[PDB]
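One structure is given here, and the rest of the page talks about it.
2 protein chains.
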Amino acid sequence: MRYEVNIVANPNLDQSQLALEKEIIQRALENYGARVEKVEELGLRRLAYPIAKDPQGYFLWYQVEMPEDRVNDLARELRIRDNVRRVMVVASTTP
Amino acid sequence: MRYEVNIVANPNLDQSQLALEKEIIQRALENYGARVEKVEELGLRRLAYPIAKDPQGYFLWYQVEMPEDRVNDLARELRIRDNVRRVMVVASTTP
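Residue numbers (the entry's author numbering), protein chains in the order written: chain A, 0 to 94; chain A', 0 to 94. A prime marks a further copy of an entry chain.
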């Protein structure tokens, strides 16, 4: 299945720290057998609506192909790190 | 400011109903003075992670340019309709 993986990282990291976070993400995708079709580094962005107390984040986006039964494990692995604030995974098609 | 507007509509609508929803959105963007730079109709998609009771939605994405002080009003106008389940607006850059 094709998925979009949206990751929000801590906006306060230096680029050395962010490089490590990005490397970990790519390694996890490969270790879970995902085919990585696009990586977009969106950078520092701010949630405007709805209203959040801490609206800034460092946004990363991935498009991947992988089996549905492996997505949950991958997502939880990605979010275990303290510097990964949010992970959201959307399947590009439905039944 | 440049914003990404993510809209999740009711996944149970027929295309006649969806056409009306899309027309309303475009009219609202213009009436609020936004410059509409891209419209992407993503269609029926399913949230895979995190886990939601009702994970399917009809996804629409807009990229717009408009003043920051007008975004909140626009977002609330867009979401007032029952068939618009979620609106999320992200500013493409921060201070």
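Yeah, the Cβ is synthetic: ideal placement off N, Cα and C, and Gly gets one too.
Any chain A beta carbon closer than 9 Å to residue i
| i | result |
| --- | --- |
| A'/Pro10 | yes |
| A'/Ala90 | yes |
| A'/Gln55 | yes |
| A'/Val86 | yes |
| A'/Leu17 | no |
| A'/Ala47 | yes |
| A'/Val63 | no |
Presumed contact (8 Å Cβ cut-off) between residue i and residue j, rounded CB distance
| i | j | result |
| --- | --- | --- |
| A/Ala90 | A/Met0 | 6 Å |
| A'/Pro54 | A'/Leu41 | Not quite, the Cβ-Cβ distance comes to about 15 Å (not below 8 Å), so this is no contact. |
| A'/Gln62 | A'/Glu36 | 5 Å |
| A'/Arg69 | A'/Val7 | Their Cβ separation, rounded to whole angstroms, is 22 Å, which puts A'/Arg69 and A'/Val7 out of contact at 8 Å. |
| A/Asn82 | A/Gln16 | 7 Å |
Residue from the options whose Cα sits closest to the Cα of residue i
| i | options | result |
| --- | --- | --- |
| A/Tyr2 | A/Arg80, A/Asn71 and A/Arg84 | A/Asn71 |
| A/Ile50 | A'/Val88, A'/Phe58 and A'/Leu77 | A'/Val88 |
| A/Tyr57 | A/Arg44, A/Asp68 and A/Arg69 | A/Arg44 |
| A'/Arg80 | A'/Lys21, A'/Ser15, A'/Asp13 and A'/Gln14 | A'/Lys21 |
| A/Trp60 | A/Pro66, A/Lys52, A/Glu39 and A/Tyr48 | A/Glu39 |
| A/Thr92 | A/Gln25, A/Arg26 and A/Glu67 | A/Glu67 |
| A/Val4 | A'/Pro94, A'/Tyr48, A'/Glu64 and A'/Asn82 | A'/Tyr48 |
Residue i at chain A' interface by Cβ criterion, 9 Å
| i | result |
| --- | --- |
| A/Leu28 | no |
| A/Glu67 | yes |
| A/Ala74 | yes |
| A/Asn82 | no |
| A/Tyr2 | yes |
| A/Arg44 | yes |
| A/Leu59 | no |
| A/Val70 | yes |
Bridge partners - residue i, DSSP secondary structure assignment
| i | result |
| --- | --- |
| A'/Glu40 | A'/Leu59 |
| A/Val4 | A/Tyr61 and A/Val88 |
| A'/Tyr48 | A/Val88 |
| A/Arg34 | A/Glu64 |
| A/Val70 | In DSSP, A/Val70 forms no bridge with anything. |
Three-state secondary structure (DSSP) of residue i
| i | result |
| --- | --- |
| A/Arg75 | helix |
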